[PDB]
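Asker: Quick one: the structure is below, and I'll ask about it shortly.
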Amino acid sequence: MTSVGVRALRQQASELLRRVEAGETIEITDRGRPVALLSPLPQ
Amino acid sequence: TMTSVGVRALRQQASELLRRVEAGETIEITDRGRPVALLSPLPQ
């Protein structure tokens, strides 16, 4: 899942952040429309 | 400065956080206190 909805965000938040921490970016959709991006920080 | 929320808060307050991002805000995400990710809006 490279694009997840709001429901999946809550149910999967820990795992989604693990993936971003491993370098993935993940698109967040809201009623099917892409609205936000989760990207890794340089840290 | 910015808003920083942890994963717990992201889950618990998801609707309020996405409302802010859709209004244009970028938010820092922490994982057990360490900054790990950026939640930023896509332009519409």
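Residue numbers start at 1 in each chain; chains themselves are named A, B, ... in the order of the structure tokens; ligands are numbered from 1 in the order shown.
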For chain A, list the residues within 6 Å of chain B, counting only C-alpha atoms, and write the list as a ChimeraX atom specification.

Answerer: /A:10,35-41

Asker: Please, which residues of chain A, numbered as in this document, come out strand (DSSP E) from DSSP, as an NGL selection string?

Answerer: :A and (3-5 or 26-30 or 33-40)

Asker: What's the separation between CA of residue 29 in chain A and CA of residue 3 in chain B, in Å to one decimal place?

Answerer: 20.9 Å
